[PDB]
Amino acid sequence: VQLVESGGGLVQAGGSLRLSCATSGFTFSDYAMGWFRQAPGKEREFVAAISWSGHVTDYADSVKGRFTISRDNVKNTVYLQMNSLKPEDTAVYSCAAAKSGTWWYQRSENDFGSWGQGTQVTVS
């Protein structure tokens, strides 16, 4: 019910950021979590997702190898480590919890709910 993203900022291409999302209001460790991003004028697109245990991860092709999604099921937090940042990574990044408690490689925006306000990532 409550997701708060943080860690955004402005960096030159090739640098790194680490987005985090603090969660509250639900058993975090029972739900898969997803990071989406929305560029100016475009619609949200899938970035990454992680199952409840953290063992099953999924990435959009454009970020695979550069980004790493992870989670802490004690602190109830999601993370997106972003390395080798490129200008086209510039966007507002939002975290979401899967609606269904049975995620399996579902990338659609409609498979996720309770969106945070997002955090701005700008890459030059």
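Counting begins at 1, following the sequence as shown.
- The stretch with the higher mean CA B factor, choosing between 40-48 and 55-63, is 40-48.
- Ranked against the other modelled residues of its chain, the C-alpha B-factor of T119 as given in the entry falls in the middle third.
- Among the modelled residues of its chain, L10 has a C-alpha B-factor that falls in the lowest third, as given in the PDB entry.
- Ranked by C-alpha B-factor against the other modelled residues of its chain, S24 falls in the middle third.
- Per the PDB record, residue ranking by Cα B-factor puts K99 in the highest third of the chain.
- When the CA B factors of the chain's modelled residues are split into thirds, the value for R71 lands in the lowest one.
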